[PDB]
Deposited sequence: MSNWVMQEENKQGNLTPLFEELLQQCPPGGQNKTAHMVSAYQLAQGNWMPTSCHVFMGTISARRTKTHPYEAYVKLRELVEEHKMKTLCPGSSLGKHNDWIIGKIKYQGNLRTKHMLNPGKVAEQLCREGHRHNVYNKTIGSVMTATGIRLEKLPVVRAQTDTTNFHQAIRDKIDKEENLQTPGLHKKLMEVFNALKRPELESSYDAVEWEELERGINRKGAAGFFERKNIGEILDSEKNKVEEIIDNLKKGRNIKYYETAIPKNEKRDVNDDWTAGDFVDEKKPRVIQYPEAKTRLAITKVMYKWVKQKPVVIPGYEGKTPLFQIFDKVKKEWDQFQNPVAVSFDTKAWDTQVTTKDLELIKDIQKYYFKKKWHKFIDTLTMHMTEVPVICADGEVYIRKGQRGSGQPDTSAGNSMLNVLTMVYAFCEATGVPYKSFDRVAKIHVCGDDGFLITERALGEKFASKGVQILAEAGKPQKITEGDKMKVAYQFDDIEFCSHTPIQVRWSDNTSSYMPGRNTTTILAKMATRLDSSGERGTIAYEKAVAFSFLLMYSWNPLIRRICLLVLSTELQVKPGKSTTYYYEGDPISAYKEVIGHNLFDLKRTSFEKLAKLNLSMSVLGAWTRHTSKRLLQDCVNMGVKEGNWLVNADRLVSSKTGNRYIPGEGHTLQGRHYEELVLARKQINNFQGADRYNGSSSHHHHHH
């Protein structure tokens, strides 16, 4: 009966190893009674117990007792490493973070959401009620910023199963790429400068952004590389800022933590110049890594896998606050894998870098300092590559331990896909259901707790378009050549909000409209707003600040990456569209007039003489009698 109470308690339990010297009992056995727990250290959901005359509820209080006594004896222990001493010398005032689990040695000296006016007014012309759209890209004040630190970052490292990382290395060995062993070398400045945002933010003590350092202090970046190569400490620190702050800028081309934590600009450059081939995944060596896959391609790619199983399911990876769950032992596991691929001349570089990373001085925007114990910093060059690999290994381990499949046999029964901590695997229904039910506890013990579903089971998708990945979900479309394909779907209310606002001109907006058209042409509402915005001021070229932009004609650019003409899209999946439109009605962001007013405005523009983008919309052109004849055009990043 009280099996669920025990299963709840068993994920508070400290992870332990296998105990052959005693009886290991599960939550079922404890609930049955006549089992007396001798230790709260959990191993694969089992506890050491003693046969006795014990009623169930009494056994629960013993375990709960144990779990609390152990928690009392390990909640507030640490020395500062010598290489981090320098930060103490910059402290000027006493600290007020009030951290409980990490040192707040003090404070060093000190050092908006607006509308896209064209996109926004097209929406309003339609009767879309902007003030009813969800809030996106919200900023946070210093007070809630420091609370987020206290809430998420201020913690002890997760305890993990003894010998866990040995086993995760055994998984790695089952998927390494031996032809690449000990081959990675640094890259040239020219190759680095090709894929780099020159606006990459400066760190707390820095003044110049990435571009300015490139142009004028390349020797400072090389002094850092030289120090690390030789095993010598650098002054490593990360800067904390709240999400959507001015320095919340991406180095490379929503899921971010509330607390961005990033290395200096000179330092991000030192790491990338040496560790390029791994942090950029050139080539891809992490199985199922979708970091380079365009969002308009991913679900088509995944469906071909889905179609080869007999009764496929997909099991979602959903780790609570992943970056705060990364342990020193996790980072060293990634260090060891990096050393596998890199030439030996860079091993001491990787050792020293990783060492700096296990205890990181972090400086808040306002100057407060905390010493972070392990964990991942949002802004590190190795976030995507390091988190993806750690996610893959951990999930393959967990699936294999839950199902009994051997690590070397994973590739035979499942497909995995990851984008950092985000991912899922496809496998046969029986395997997937076993993993979903037993994964929660195994991954708790591995130090990667899940956001657990009703019933404490992992989320399982029994039909393809129930998969969740990168905040999107498959939705099918029907083309006029009698084929079907899949596009990245997402709630209309969310798409509208994202398209309608930015953080602090026409050329930008048309870059956005194009970008959104590439992802959301399955959504008639979004598609028609896009075409109206692209119809604005045809003489101004699109900006290049966003995900994509077009050279020449946007409609032809679309056809180049999507594989059909916009005008060939004849149907969007009726059921799924209804799901993704639901919130529009719940929130009252549209009315009964909104689709017809938007279509009418498109028709009014397209009936007139000339060559109008809006006539690339199959239904708009059907009502106007005119088509769009498109020029040349190409999509660019």
- Item | Ranges of the deposited sequence (numbered from 1) for which no C-alpha atom is modelled | 1-13, 91, 126-132, 275-281, 533-538, 672-705
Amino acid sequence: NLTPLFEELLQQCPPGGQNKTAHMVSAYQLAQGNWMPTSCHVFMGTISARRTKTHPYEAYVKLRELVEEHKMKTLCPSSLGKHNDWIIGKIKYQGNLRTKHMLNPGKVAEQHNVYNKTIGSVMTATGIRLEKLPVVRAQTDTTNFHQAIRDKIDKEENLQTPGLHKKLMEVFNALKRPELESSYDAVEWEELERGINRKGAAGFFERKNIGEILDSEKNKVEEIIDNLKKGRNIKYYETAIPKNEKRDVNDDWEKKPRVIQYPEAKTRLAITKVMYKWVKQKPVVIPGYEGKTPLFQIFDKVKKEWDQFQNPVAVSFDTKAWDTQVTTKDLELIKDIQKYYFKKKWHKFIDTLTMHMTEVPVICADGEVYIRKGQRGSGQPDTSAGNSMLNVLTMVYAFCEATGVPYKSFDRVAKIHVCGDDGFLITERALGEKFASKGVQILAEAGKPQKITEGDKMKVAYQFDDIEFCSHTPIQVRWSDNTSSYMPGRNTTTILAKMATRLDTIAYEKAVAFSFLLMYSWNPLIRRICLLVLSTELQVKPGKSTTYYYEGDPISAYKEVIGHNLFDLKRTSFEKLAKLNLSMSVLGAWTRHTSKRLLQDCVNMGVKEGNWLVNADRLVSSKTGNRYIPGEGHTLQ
From here on, numbers count along this sequence of modelled residues.
- Item | Average Cα temperature factor in the PDB entry - higher stretch of 115-123, 268-276 | 115-123
- Would you determine, from the values in the PDB entry, which of 579-587 and 600-608 has the greater average C-alpha temperature factor? 600-608
- Identify, among 375, 209, 144, 391, the residue whose C-alpha carries the highest B-factor in the deposited PDB entry. 144
- Task: Tell me, please, which of 540, 369, 395, 285 has the highest C-alpha B factor according to the deposited entry?
- Result: 540
- Taking the values exactly as deposited, rank residue 360 by C-alpha B-factor within its chain and report the matching third: lowest, middle or highest. lowest
- Item | Lowest, middle or highest third - CA B-factor, residue 412 | highest
- Query: Within this chain, which third does the Cα B-factor at residue 46 fall in: lowest, middle or highest?
  - Reply: highest
- Task: Tell me, lowest, middle or highest third: where does the Cα B factor of residue 204 rank within its chain?
- Result: middle
- Task: Taking the values exactly as deposited, rank residue 424 by C-alpha B-factor within its chain and report the matching third: lowest, middle or highest.
- Result: lowest
